[PDB]
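To find a chain, count down the sequence lines: A is the first, B the second, and so on, and within it residues start at 1. Below, each value reflects all heavy atoms present in this structure, side chains not excepted, and no hydrogens, waters or symmetry copies.
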Amino acid sequence: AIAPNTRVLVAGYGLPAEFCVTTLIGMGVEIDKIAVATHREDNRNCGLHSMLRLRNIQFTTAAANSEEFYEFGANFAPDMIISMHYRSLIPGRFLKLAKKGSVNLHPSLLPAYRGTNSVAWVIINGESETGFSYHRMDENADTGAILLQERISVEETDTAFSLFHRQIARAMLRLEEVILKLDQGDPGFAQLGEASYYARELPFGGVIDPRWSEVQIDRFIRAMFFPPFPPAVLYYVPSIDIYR
Amino acid sequence: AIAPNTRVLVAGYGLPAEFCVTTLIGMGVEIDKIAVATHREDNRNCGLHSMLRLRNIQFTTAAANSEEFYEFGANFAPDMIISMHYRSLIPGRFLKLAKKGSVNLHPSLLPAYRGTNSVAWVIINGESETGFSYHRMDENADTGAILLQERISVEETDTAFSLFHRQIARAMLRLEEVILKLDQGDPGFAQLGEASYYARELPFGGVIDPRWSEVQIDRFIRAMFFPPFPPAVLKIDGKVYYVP
Ligand SMILES: C[C@H]1O[C@H](OP(=O)(O)OP(=O)(O)OC[C@H]2O[C@@H](n3cnc4c(=O)[nH]c(N)nc43)[C@H](O)[C@@H]2O)[C@@H](O)[C@@H](O)[C@@H]1N
Ligand SMILES: Nc1nc2c(ncn2[C@@H]2O[C@H](COP(=O)(O)OP(=O)(O)O)[C@@H](O)[C@H]2O)c(=O)[nH]1
């Protein structure tokens, strides 16, 4: 058991947050001991919103760097913060409010593939394995101590889509354990190894270079496959079948 | 791994269904090989609906007994049917469409606690132990062969609300494994032991009988806690009063 009267602030977006909140409830964290910071209701985030509305769980949508956000966290007074696909950098002074600190879910084997488009870049780079890292948040992104990593094999048929979704599902499976690590004060271990970082641009502008081998082309196609976004171009190429 | 081109129809509602569709995509099931039956857009079922529009997964909200619903199944031609908290009895002829059969998630250890309110009756009866059952669907409700049961211990602090959500959370951790059993044709085992049944109504109309002992009133109060709904009622001098 998590302590009674442990206060938990979830900063999150979409299913992972919904699942976290659900998990917290099954662990016996009462509604008034839960608060959610999120973003406006949208096509990914309206399962979370409808839950918060139905159950009357307190929440904010205010920007991470705003006084209203800080005020929301300060009034709540969290013991721990759980970032579950939160889409902004959380300022240091906000994290400071949580005496038992925090955790974020990142869909790579950190410090490898920090940043954005991680599942795309892993496919493009031809990785045989990737994974997910639950790590403490310090004031920079994805640099804080590792509480839990798990390895996920990348299949030859995986797409950005397939791998993104398996990342979520498998990560949820460890979430209860990680909350319990945070509760017990587990310090985790500092990130060691070859860091890498990727930004918000898809490479080659989403465009196939025909001098690439069949192996580079297929990778790119599979890394670009993510409905409803447009696929790789040559014209619209969602599979290596079509490429031929 | 799931046999590729396996066509899967999910009958469901809310987070369990969203999680299921997420898992299936994570397992490499293509979008045109998924189809969903659900109900009209709800404050519980908003997550799912937006997922289905977003990824353009085909779906219906027609009634389970309707010709439109049956045609939706007919045209999709599922290999398997996954009921994740679907709220109607699915006609037998509709189940016959899936040649690898079906599975439903029920939150008890079947055959105990067939029917609605299983989480509340478990608490009311003073079970220290319950669980969830993934079972094949017969023409009748909650009778078919068991593919997977896991035990969930009940605490003295558990409410219907904490237990309901823990049921969900824990059941999701076994979903992939259940899907693979269906894929590989595990017939499961016949439900053994003595079947108990509980009425569709809310237990004792949510009203505390004062002939009950302290222990039975405590359980009932915990069994009745489920926000946003009304809690246990005590009536005093022909007058309704909600319990804390
Ligand atoms: C960790 C990062 O979170 C957010 O970005 P993210 O890349 O990690 O995750 P999302 O934006 O939700 O996108 C999820 C996946 O959706 C895919 N995707 C995202 N945008 C596109 C796109 O424009 N075209 C194609 N073909 N695919 C796209 C990527 O494969 C990506 O991994 C942002 O809020 C970033 O600011 C943040 N650093
Ligand atoms: N207190 C209270 N709880 C309810 C009510 N309706 C449903 N619930 C709870 O919600 C849980 C699941 O309900 P639901 O999925 O709607 O129905 P079921 O799966 O057919 O029992 C049950 O265990 C109930 O305890 C109500 O009117 N009052």
Problem - Interatomic spacing from OG1 in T22(A) to CZ in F164(B) - rounded to 0.5 Å - result: 8.5 Å
Heavy-atom closest pair, residues [X] and [Y]:
X       : Y       : result
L173(B) : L173(A) : CD1-O, 3.4 Å
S50(B)  : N43(A)  : CB-O, 3.6 Å
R55(B)  : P227(A) : NH1-O, 2.7 Å
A169(B) : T23(A)  : CB-OG1, 4.2 Å

Problem - Partner chain A: residue of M172(B), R44(B), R53(B) with the largest heavy-atom pair count (under 4.5 Å) - result: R44(B)
Problem - Largest heavy-atom contact set with chain B, pairs under 4.5 Å, which of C46(A), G47(A), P4(A) - result: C46(A)
Fill in the blank from the handout: Greatest number of non-hydrogen atom pairs under 4.5 angstrom with chain B, of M27(A), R170(A), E30(A), falls to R170(A)
Does any backbone or side-chain atom of [X] lie under 4.5 Å from a heavy atom of chain B? Answer side chain, backbone, both or neither.
X       : answer
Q167(A) : neither
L24(A)  : neither
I25(A)  : both
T157(A) : neither

Fill in the blank from the handout: Within residues 80-88 of chain B, the residues sitting under 4.5 Å from chain A by heavy atom, in sequence order, are none
State whether the number of non-hydrogen atoms from other residues, nucleotides or ligands found under 6.0 Å of [X] atom [atom1] is greater than 12.
X       : atom1 : result
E129(A) : CD    : yes
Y236(A) : OH    : no
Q58(A)  : CD    : yes
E214(B) : CD    : no

Problem - Under 4.5 Å from any heavy atom of chain A - which part of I152(B) - result: neither
Fill in the blank from the handout: So, the part of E176(B) with a heavy atom under 4.5 Å from chain A: the answer is side chain
Exercise for the section: Taking ring pair (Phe, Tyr, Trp, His ring centres under 6.0 Å) as the test, write out the residues that go with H165(A), two or more places apart. Expected result: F161(A)
